[PDB]
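Only one chain is shown below, in structure tokens, and it's the form deposited in one PDB entry.
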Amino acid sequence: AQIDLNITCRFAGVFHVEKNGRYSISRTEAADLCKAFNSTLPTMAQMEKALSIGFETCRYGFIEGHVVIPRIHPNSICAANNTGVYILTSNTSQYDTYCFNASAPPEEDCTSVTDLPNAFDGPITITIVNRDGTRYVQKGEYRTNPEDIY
């Protein structure tokens, strides 16, 4: 089995993670993923701080208690053309996730993340892709909810 993670640079600690090139993360797996990154699910306040230094996406992702898209520029294809930290109502579905790392600089940090630093040993080939396109490959596991694994 194989898991691919595309990660974003950090903006005031905040970054975006996409699993397997599509919406495939539940809230439980989101919490697991952030923990595997020595990080937490962002608060609304943390998202607003990242937004202010240029953090925006066009993908829904879990934060603490919500599912959101941060938007600086209106695009009709993204978050209903809205701007700001847009909160999706109907969030039973699967999405991406956001994560907040407390030890990151209060700026943009594009330092390559070489691996999943707080995963455990396991059978999954886990790949991390940073913005330069390099694939960092390891074997491990990070999921802890049997409803995610099954």
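Quick note: we count residues from 1 along the sequence shown, nothing fancier.
According to the PDB record, 129 to 137 carries the higher mean C-alpha B-factor of the two stretches 129 to 137 and 15 to 23. In this entry, the higher average B-factor at the C-alpha atoms falls on 84 to 92, of the pair 65 to 73 and 84 to 92. Which of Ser103, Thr97, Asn38, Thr28 has the largest Cα B-factor in the deposited entry comes down to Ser103. As recorded in the entry, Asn118 carries the highest CA temperature factor of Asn118, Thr57, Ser52, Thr43.
The same protein also exists as the form deposited with a partner chain bound; that form is not shown, yet it is the one meant from here on.
For the chain shown alone, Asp115 is a contact residue for the partner chain in the bound PDB entry, at least one non-hydrogen atom being within 4.5 angstroms. Taking non-hydrogen atoms only, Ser39 approaches the partner chain to within 4.5 angstroms in the bound PDB entry. The partner chain in the bound PDB entry comes within 4.5 Å of no heavy atom belonging to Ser26. The closest heavy atom approach of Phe15 to the partner chain in the bound PDB entry falls within 4.5 Å.
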